[PDB]
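*Asks:* The structure that follows is given in the form of structure tokens.
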Amino acid sequence: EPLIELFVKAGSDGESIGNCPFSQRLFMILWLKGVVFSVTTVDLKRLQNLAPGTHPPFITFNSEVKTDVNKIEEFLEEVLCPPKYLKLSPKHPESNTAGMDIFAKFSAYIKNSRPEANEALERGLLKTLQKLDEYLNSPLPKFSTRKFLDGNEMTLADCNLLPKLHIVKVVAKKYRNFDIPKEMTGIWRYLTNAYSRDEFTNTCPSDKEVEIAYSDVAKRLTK
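Residue numbers (the UniProt record's numbering): 16 to 61, 66 to 160, 172 to 253.
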């Protein structure tokens with residue numbers, strides 16, 4: 016019913032889906048809600068007439084611009100509610116903090132250039148992945175076989191985490207030849223399920239685009 020326009024960040028193409036876990040998050044939320052909406056990319060070096072600082076992702080709801088992904092998310096979950104739509108908010112608040120420290124540890128591990136500091140950072144990263152993995156294997160009120179963070183349905187929690195885990199996996203691999211340990215079966219089951227879902231797969235920018243976005247960010251380890 017409502018008129019929704021999503022404005023995400025553009026990649027190198029300047030006309031394609033660039034790297035941004037936040038744009039992809041909203042994209043996933045909109046998709047899961049079921050509502051109709053359009054998607055428009057935005058090249059930094061280039066809708067018309069906006070406030071200073073407003074950068075993707077942002078949407079237009081009935082011609083009105085909405086800013087701040089977190090504000091947007093709240094808004095959406097609010098207006099796109101029952102009986103017409105399904106609530107996407109997780110039932111367990113802990114589903115919201117699961118793996119929340121991964122992206123930050125990955126950023127430090129990837130931006131570092133000191134060889135002697137790399138070992139501890141990789142250990143720090145594995146540590147955050149370990150906690151997430153344990154959240155995924157621990158049953159919610172043997173090894174849990176549920177498909178996502180909050181149960182067997184995707185929730186706002188997966189929209190927030192999956193895009194980030196994806197960046198983590200692709201970049202860590204490219205710039206550190208790092209692999210999420212297969213011993214972490216929870217993470218892998220979770221990711222497998224996610225990559226088999228169109229809402230996640232069709233909203234992921236390309237590996238190239240994801241890697242490019244970090245070419246000037248990740249550093250080699252130099253003495």
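C-beta atoms are modelled at their ideal positions from N, C-alpha and C, and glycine is treated no differently.
Taking Cβ positions, are residue 259 and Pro193 nearer each other than 9 Å?
*Replies:* Shown here, the chain extends from 16 to 253; a query on residue 259 therefore has no answer.
*Asks:* Where does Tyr244 land, buried or exposed, given buried means 16+ other C-beta within 10 angstroms?
*Replies:* Answer is buried; the Cβ neighbour count reaches 16.
*Asks:* Which stretch, first to last residue, makes up the alpha helix (DSSP H) that contains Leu192?
*Replies:* Residues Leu186 to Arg206.
*Asks:* What's the gap between the Cα of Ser114 and the Cα of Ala187?
*Replies:* Their Cα atoms are separated by approximately 6 Å.
*Asks:* Following the continuous alpha helix (DSSP H) through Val240, name the residue where it begins and the one where it ends.
*Replies:* Its alpha helix (DSSP H) spans residues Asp237 to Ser245.
*Asks:* Starting from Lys146, follow the alpha helix (DSSP H) in both directions and report where the run begins and ends.
*Replies:* First-last of the alpha helix (DSSP H) with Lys146: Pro134 to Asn156.
*Asks:* Work out the CA separation of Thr233 and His196 for me, nearest whole Å.
*Replies:* If you take the alpha carbons of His196 and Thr233, they lie about 11 Å apart.
*Asks:* Between the Cα of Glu229 and those of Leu66, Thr185, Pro134 and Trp218, spot the shortest distance and give me the residue it belongs to.
*Replies:* For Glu229, the nearest C-alpha among the options comes from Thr185.
*Asks:* By Cβ distance, which residues of its chain are closer than 6 Å to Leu251, with the 5 residues on each side in sequence left out?
*Replies:* Correct list, in chain order: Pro134 and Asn137.
*Asks:* Whole angstroms is fine: what's the gap from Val200's alpha carbon to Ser174's?
*Replies:* Each residue's alpha carbon lies about 26 Å from the other.
*Asks:* Could you tell me if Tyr154 is buried or exposed, where buried requires 16 or more neighbouring beta carbons within 10 angstroms of its beta carbon?
*Replies:* Answer is buried; the Cβ neighbour count reaches 16.
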